[PDB]
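K.L.:
Here the protein sequences come in this chain order: R, S, V and I.
Numbering-wise, the first sequence is residues 3 to 98 according to the authors' numbering.
Numbering-wise, the second sequence is residues 9 to 84 according to the authors' numbering.
Numbering-wise, the third sequence is residues 1 to 57 according to the authors' numbering.
Numbering-wise, the fourth sequence is residues 1 to 137 according to the authors' numbering.
Beta carbons are placed, not taken as given, at the ideal position from N, Cα and C, and that holds for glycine.
Okay, handing you the structure first.
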Amino acid sequence: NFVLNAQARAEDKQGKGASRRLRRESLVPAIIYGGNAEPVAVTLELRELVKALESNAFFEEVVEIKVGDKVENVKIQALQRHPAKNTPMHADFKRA
Amino acid sequence: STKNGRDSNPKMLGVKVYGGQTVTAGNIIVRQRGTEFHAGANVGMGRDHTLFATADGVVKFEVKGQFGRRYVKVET
Amino acid sequence: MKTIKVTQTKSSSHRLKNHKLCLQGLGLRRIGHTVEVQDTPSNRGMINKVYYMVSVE
Amino acid sequence: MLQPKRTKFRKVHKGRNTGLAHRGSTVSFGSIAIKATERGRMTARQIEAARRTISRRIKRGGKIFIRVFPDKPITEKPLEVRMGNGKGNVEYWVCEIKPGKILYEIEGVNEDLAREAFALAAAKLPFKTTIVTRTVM
RNA sequence: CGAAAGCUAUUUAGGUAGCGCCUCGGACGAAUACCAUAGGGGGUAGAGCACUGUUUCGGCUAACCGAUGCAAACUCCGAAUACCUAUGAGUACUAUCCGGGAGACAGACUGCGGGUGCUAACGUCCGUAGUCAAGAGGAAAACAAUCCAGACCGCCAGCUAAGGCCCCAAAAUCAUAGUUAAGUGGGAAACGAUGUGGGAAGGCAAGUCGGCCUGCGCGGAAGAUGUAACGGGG
RNA sequence: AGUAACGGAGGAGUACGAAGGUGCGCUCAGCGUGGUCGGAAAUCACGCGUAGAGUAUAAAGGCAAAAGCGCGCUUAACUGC
RNA sequence: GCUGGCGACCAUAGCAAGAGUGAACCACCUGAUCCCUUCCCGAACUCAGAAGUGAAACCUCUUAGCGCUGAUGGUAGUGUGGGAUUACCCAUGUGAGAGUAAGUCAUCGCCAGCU
Ligand SMILES: [Mg+2]
Ligand SMILES: [Mg+2]
Ligand SMILES: [Mg+2]
Ligand SMILES: [Mg+2]
Ligand SMILES: [Mg+2]
Ligand SMILES: [Mg+2]
Ligand SMILES: [Mg+2]
Ligand SMILES: [Mg+2]
Ligand SMILES: [Mg+2]
Ligand SMILES: [Mg+2]
Ligand SMILES: [Mg+2]
Ligand SMILES: [Mg+2]
Ligand SMILES: [Mg+2]
Ligand SMILES: [Mg+2]
Ligand SMILES: [Mg+2]
Ligand SMILES: [Mg+2]
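Right, dumping it as structure tokens:
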């Protein structure tokens, strides 16, 4: 059982400059899709996610993402790492 | 001493009249080496594949057919 | 309606040609000059081109 | 020394080297790999030198995958000639290296020996490198 | 009032002619430009491997399949800008045409996109913007081409720009929280190292061990008249 | 659109009275099989995926109403514009 | 409800595999006498037909199997102002290609015949 404590990522926090500002303070953008609902943009914490990505069971079972009284049961779908440093930059999450 | 150093003179090919422009009958619309554009309604094609207008109207480009060709036509 | 006051702050002598024409098309003549213009989209376009040497209130 | 068997043209414009290596930057053949954290050129002589060093340390075990291939030719002018009169003659061949690109990969060795061999080979390269292992997503 | 150092041709190449760029007179006044909205066609940046080439490992019997890269003269794709047209606001003696008089056709540097050279040159050749040329004042010690700014004349008046406020020399020995001990600041790489400040984690039982990510420092560091690689004092 | 270098690569100084006009008509190349010499390739007959064939000639842009390939009749390879 | 013809559109519309139809229409089918053909051949092009069969074909229905379509988020690139000089950073505007979720076994116009 893994849990990543997220926060909402509305507009005017989406884009290229806003995402660079997010990463310059150790936060990671992410998106949640699947099911029958609309996607949900999210901000996760970098150290939390780095810690989670070291266990092989995180890639297989259902993870809980809490964006504030809203729990989502998702699986990690895709990951974007920086090419020179392996720092994760974006994560996709499929509703499961 | 080398074996290069040649070239041709320019030819000035291209689109002369764009979409939404008015034209008189006879105006050249496209100078092209092959048929990048094909002749639609009120447009003729010369011996060197020059597309020209044969009536007064307004130029319009489109894509048509089962081969997805580019056509230009004049709307009166 | 809506009207705005615009002031020229920096010099305009070594800017691009269209940036000098944007200032000339608003009524601005020198540093510290302030003019009063209508708040249309067409005026806002010129004000947006030269945001780095004008001040809007 | 690696080079293509035939090419379309002999000589090539200089060009610039910008950007990052988004494609050849994931371990895809073995367990452990050496990656470039900086940009530069890599001649065919340096490729062969690092290959020899690695395969000497590894005791002919496992496998080595070369993932860089030198296919861009470089010309020079002879000594004591003036500035005109055509382009020079092809002298050697390089691969362009953008930060992120995997250079070598090893298979079938425990990580400690692979890291010793990689530390031996990183001393013969013109840019800064790092060591990387396989990962899932 | 105010250029050009370009294009085309030349027994031409430091000459000259037509066109481009300046000026004066006449005609004619929104046709013109800037911006917004609307209608257009691209094959560049990037990317990709569908063609043309080239590259790596495997499978199968040169070729097909799987995985994996590259390209000025490859493209299944594909911008931002730029360019063309119509309509509209506001602000500008704008745009056109017809005549008199020219000069100029050796350019230079800086930034961006390139070819050539050694991604050398205060090198050379194009595109594009700024300055000089033909432009004075302030800063950069001094310093055509950098930064700020365009000098009609006069004033022992005032506010600012770039850059600055311990003394030479005008203005803070100003306030708040940190880092540096190297005169680092105030010249330089691969690489080396218990320097020192910060951060996310681990192993073992008065804590200890070594590992990563980072701010600022250390070594690597030898030249000829005189300190002489902060303008100086400091 | 245009754009320079003693920058990187290639061609031309012709051909054709049909290789021009016109009406009508056709569709390449590649592979596998069965077939007298005859074989990996002549000429047949039949199938599956196909634009990779061709164009007098270099490359590029093109080419199904084929601009590619045949047959009959012809001189519009006309005069004034 | 099954058709024939002419179009719009040009794969979310196509290829594959399966299944169905013969009143009518269409197709195969009969004969070459006449019209008309074959660089040979009634194969195809024609003509006069009507014993047959829905075998082949066409047409309509089923299944994403191959294809095609395709977000959102991020990334690359980039105009303008500033800072650095190996090609990046900051502000502001813009924004792919690839890949992921997902979608598709067609929509429509004019006419004539059948039941
Ligand atoms: Mg930006
Ligand atoms: Mg003047
Ligand atoms: Mg001259
Ligand atoms: Mg006049
Ligand atoms: Mg490119
Ligand atoms: Mg000259
Ligand atoms: Mg010049
Ligand atoms: Mg020079
Ligand atoms: Mg002079
Ligand atoms: Mg001056
Ligand atoms: Mg001065
Ligand atoms: Mg001075
Ligand atoms: Mg003082
Ligand atoms: Mg104090
Ligand atoms: Mg997007
Ligand atoms: Mg997309």
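How long is the line joining the alpha carbons of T7/V and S55/V, rounded to whole angstroms?
P.N.:
Near 5 Å, if we compare the C-alpha coordinates of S55/V and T7/V.
K.L.:
Please check if any C-beta of chain R sits within less than 9 Å of the C-beta of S31/I.
P.N.:
Judged by the 9 Å Cβ criterion, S31/I is not in contact with chain R.
K.L.:
Let me see if you follow: with CB-CB separation under 9 Å, is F4/R close to chain I or not?
P.N.:
Chain I, which has no Cβ nearer than 9 Å to the Cβ of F4/R, makes this no.
K.L.:
With distance defined between alpha-carbon atoms, name the residue in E116/I, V81/I, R6/I, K128/I nearest to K59/I.
P.N.:
Comparing Cα-Cα distances from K59/I to each of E116/I, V81/I, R6/I, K128/I, the minimum goes to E116/I.
K.L.:
Check the C-beta distance from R83/R over to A43/R and give it rounded, since I have them as a contact under 8 Å.
P.N.:
About 20 Å; that fails the 8 Å criterion.
K.L.:
Go ahead and label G52/S buried or exposed: buried means 16 or more other beta carbons lie within 10 angstroms of its beta carbon, across all protein chains shown.
P.N.:
The residue in question, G52/S, is exposed, as its Cβ has fewer than 16 Cβ neighbours within 10 Å.
K.L.:
Would a check of beta-carbon distances place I67/R closer than 9 Å to chain I?
P.N.:
Not closer than 9 Å to any Cβ of chain I, the Cβ of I67/R fails to qualify, so no.
K.L.:
When the distance is taken between beta carbons, is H92/R closer than 9 Å to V30/R?
P.N.:
Taking 9 Å as the Cβ cut-off, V30/R and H92/R qualify as a contacting pair.
K.L.:
Whole angstroms is fine: what's the gap from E76/I's alpha carbon to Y92/I's?
P.N.:
Rounded to whole angstroms, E76/I to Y92/I spans 9 Å at the Cα level.
K.L.:
Taking just the CA atoms, how far does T89/R sit from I54/I?
P.N.:
Each residue's alpha carbon lies about 28 Å from the other.
K.L.:
Is it the case that the region 27 to 47 of chain V contacts the region 10 to 17 of chain I, given that we only count it when at least three CB pairs across the two stretches are under 8 Å?
P.N.:
As far as the Cβ criterion goes, the region 10 to 17 of chain I does not touch the region 27 to 47 of chain V, which means the pair count is below three.
K.L.:
May I have the straight-line CA-CA distance separating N75/R from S28/R, to the nearest angstrom?
P.N.:
Going by the C-alpha atoms only, they are around 24 Å apart.
K.L.:
How is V90/I classed by DSSP in three states: helix, strand or coil?
P.N.:
The answer is strand: DSSP assigns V90/I an E or B state.
K.L.:
What residues match up with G65/S in a beta bridge as DSSP calls it?
P.N.:
Answer by DSSP bridge pairing, in chain order: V31/S.
K.L.:
Is the beta carbon of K24/S less than 9 Å from the beta carbon of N35/S?
P.N.:
In this structure, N35/S lies closer than 9 Å to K24/S by Cβ.
K.L.:
Spatial neighbours of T130/I within its chain, please: CB distance less than 7 Å, with the 5 preceding and 5 following residues excluded, ordered by chain position.
P.N.:
For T130/I, where only same-chain residues beyond five positions count, the Cβ hits under 7 Å are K35, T37.
K.L.:
Can you list the residues of chain R that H22/I reaches, using a CB-CB cut of under 9 Å?
P.N.:
Within chain R, the residues near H22/I are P85.
K.L.:
Can you list, in chain order, the residues of the region 37 to 63 of chain R whose Cβ is nearer than 9 Å to any Cβ on chain I?
P.N.:
Answer set for the region 37 to 63 of chain R: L55, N58, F61.
K.L.:
Taking C-beta pairs closer than 9 Å, name the residues in chain R that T37/I reaches, listed in chain order.
P.N.:
Those are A86, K87, listed as they occur along chain R.
K.L.:
What do you reckon, are the CB atoms on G30/I and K63/I nearer than 9 Å?
P.N.:
Closer than 9 Å, so yes.
K.L.:
Could you tell me the boundaries of the alpha helix (DSSP H) in which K17/V lies?
P.N.:
Its alpha helix (DSSP H) spans residues 17 to 24.
K.L.:
Closer than 7 Å between beta carbons: that is the criterion. Which residues of the region 78 to 100 of chain I meet it against chain R?
P.N.:
Listed by position along the chain: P99, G100.
K.L.:
Which chain I residues sit within Cβ distance under 9 Å of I78/R?
P.N.:
By Cβ distance, chain I contributes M137.
K.L.:
So what does DSSP say about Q74/S, is it helix, strand or coil?
P.N.:
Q74/S: coil per DSSP, three-state reduction.
K.L.:
Cα separation between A98/R and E40/R?
P.N.:
Going by the C-alpha atoms only, they are around 14 Å apart.
K.L.:
Nearest to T32/S by alpha carbon, out of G65/S, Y26/S, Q40/S?
P.N.:
That would be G65/S, whose Cα lies nearest to the Cα of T32/S.
K.L.:
Which residues of chain R have a Cβ atom closer than 7 Å to the Cβ of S25/I, listed in chain order?
P.N.:
In chain order: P85.
K.L.:
My output table needs one value for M1/V: the three-state DSSP class, helix, strand or coil.
P.N.:
Coil, per DSSP.
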